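Quick heads-up: the structure tokens below are two forms of one chain, split into structure 1 and structure 2.
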Structure 1
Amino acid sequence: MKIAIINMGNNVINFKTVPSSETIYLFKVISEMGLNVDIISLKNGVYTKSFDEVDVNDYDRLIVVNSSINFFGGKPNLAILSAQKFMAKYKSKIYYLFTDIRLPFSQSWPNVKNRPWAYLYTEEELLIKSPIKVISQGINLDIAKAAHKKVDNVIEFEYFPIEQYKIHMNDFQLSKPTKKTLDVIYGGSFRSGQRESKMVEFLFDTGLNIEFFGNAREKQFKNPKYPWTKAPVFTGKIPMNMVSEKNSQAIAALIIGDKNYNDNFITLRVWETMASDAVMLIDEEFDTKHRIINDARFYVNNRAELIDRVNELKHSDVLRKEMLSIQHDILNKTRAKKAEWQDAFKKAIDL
């Protein structure tokens, strides 16, 4: 049984970009599952083979990682174009890994014909006619179906917790008790709107020692509806593999609500935080049914509650350890069902 996996809109060669890294890690976890799989991209390399040099029909299953398919500066994007040509030459069912609400499968032909360079491609060459099965990271399938309502060749839907691939990895490890230098830590990037609102709510004017790492600066929060006086310390981007170690420096780490995930998608960040040495506090709206941790003490609804919970954690090293052993126990128990997770995955791709 031969399996092929590709990314539909980004080049894949090594760990120089986030999407190339994700595709390679997915490839690794699939292999550690005992399956024979190849990554197919624009060129040969340590982890890949070239589109030009393979017969897409030698593979029994073709897995496709979701991505956006816009053409930057109005120019041709080989990654997208080449991937869709490959998918178009495939004559069996295609498996679409849907890990982000914003990246639903989409035909690129309708947008190509209107470009001045349309003569470089034909409809038979780009239009993907094979049936498509969406493998949803999100547990709500109605939402998955609503996002792919514009493409009818997408006929199947199934939920699979894809984002657990990092904790099931062979060389994965949990954090160890770390010297604390922060009360609260949060990672992310700025964006106006409700996001600015949520961030100002939980991380500004708290009186606590909060650090904010990622693509965000004090000068970007300007909405007059979300006024603030004291801001957290912004430290900018970190190395790709430093999330857990970064969180381990704080008593608590926060996960904030976001309509793109709420009560649907569990994210990679949730596992990165849960595995750290910091107590994971979650915005109630992100998981109202408490699917993540069935203990209300890990959930906060607003600023006052966040301050309260964190001061409780600082004044009682006993409470901190107990809550910490509870989240780790959940993670360990989840890592103990690896075989079930693997089987569930094989089943999902019809093996």
Structure 2
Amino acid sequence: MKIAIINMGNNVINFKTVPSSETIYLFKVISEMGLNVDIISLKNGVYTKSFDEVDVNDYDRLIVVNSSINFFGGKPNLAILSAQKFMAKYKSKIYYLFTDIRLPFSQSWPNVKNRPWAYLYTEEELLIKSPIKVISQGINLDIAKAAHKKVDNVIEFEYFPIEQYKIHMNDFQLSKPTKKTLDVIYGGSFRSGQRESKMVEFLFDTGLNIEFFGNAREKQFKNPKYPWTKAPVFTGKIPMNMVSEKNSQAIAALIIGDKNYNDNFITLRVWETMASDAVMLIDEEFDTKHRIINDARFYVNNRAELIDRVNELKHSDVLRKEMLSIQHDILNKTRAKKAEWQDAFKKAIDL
């Protein structure tokens, strides 16, 4: 029994990049389940074996982490091409880990054929024909299916909370009390504006000391539908393995998501935030039933309520520590279900 896990569109080496980090973390959580797993990437490394040195059909299961397959500048991207070539030769079912609604499985050949460098690859080499099982982070399978409406071989769909992987690591640990330097914090990309309204509502013109880290930059917020006067401070990107420590610098950390994420996705940030020393404040619309934490104090409906809640935490250290204790307790209640989680994952990949 040998399992192979690959990232469909990014090179995997270490924790210097987010997609590489995510693949390594998934590799780790699967391995810790008592399974033999290899990460296959462009070259052999501390965490990987090269695509060329192995033979895909020697593996009993092929797991693929979702990614975009867009070629920038219309130039070749070996991570994408080699991953799909690897997938194309596999003769069994492919398990696609669908954690980002915007990254559904897609065929690269259709884009390659019209390229001047098309002569470098053949349809036979890149067209993936094996049946595929999409393992959806989102519970709503129709949304997942709508996202894959163009593919002809994506046959199955099954929900599984993939991004709980950070809390189930053998080396997982809650963040410790941290000196506060910010009132509110949020880390992420601009996600092509798929969440601009919420970002402006909760992070702009608040009068609070707010920091926005990650790939997002102030100049990206220019939609006339969502005006603002004073923006939060944009500090740049940090390694994925440092996100909880970063969140911990603030009194509170914001939870928001894409339209299709509301009452559907429980993203990685939910856990990175819950496990941090920052009080988790959730956009009401993101979890209307309060399923993450059955305590309305952790939820905010708009800018005004966010401002009120944050001030409350600033004027009462005891309230802040109470809420942190509660989210830490809730996080642990989910960790106590690791066995179930592991068995659910194994079943998801037909083991």
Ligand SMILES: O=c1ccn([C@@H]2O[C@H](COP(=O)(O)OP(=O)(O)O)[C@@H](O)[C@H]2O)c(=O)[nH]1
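What we label the rigid core is the largest C-alpha set whose atoms superpose within 1.5 Å from one form to the other. FYI, numbering is relative to structure 1, first residue = 1.
The second of the two structures is the form deposited with the ligand bound. In a core superposition between structure 1 and structure 2, the Cα of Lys179 is the only one among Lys150, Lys179, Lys91, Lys259 shifting by 2 Å or more. Relative to the superposed core, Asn170 undergoes a C-alpha shift smaller than 2 Å between structure 1 and structure 2. Remark: with the core as the superposition reference, the CA shift of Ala216 between structure 1 and structure 2 reaches 2 Å or more.
With the core superposed, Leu324 shows a C-alpha displacement of at least 2 Å between structure 1 and structure 2. Taking the core as the reference frame, the CA atom of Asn111 shifts 0.5 angstrom between structure 1 and structure 2. For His315, the Cα shift between structure 1 and structure 2 is 5.0 Å when the rigid core is held fixed in the overlay.
Taking the core as reference, the C-alpha deviation of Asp283 between structure 1 and structure 2 is 1.1 Å.
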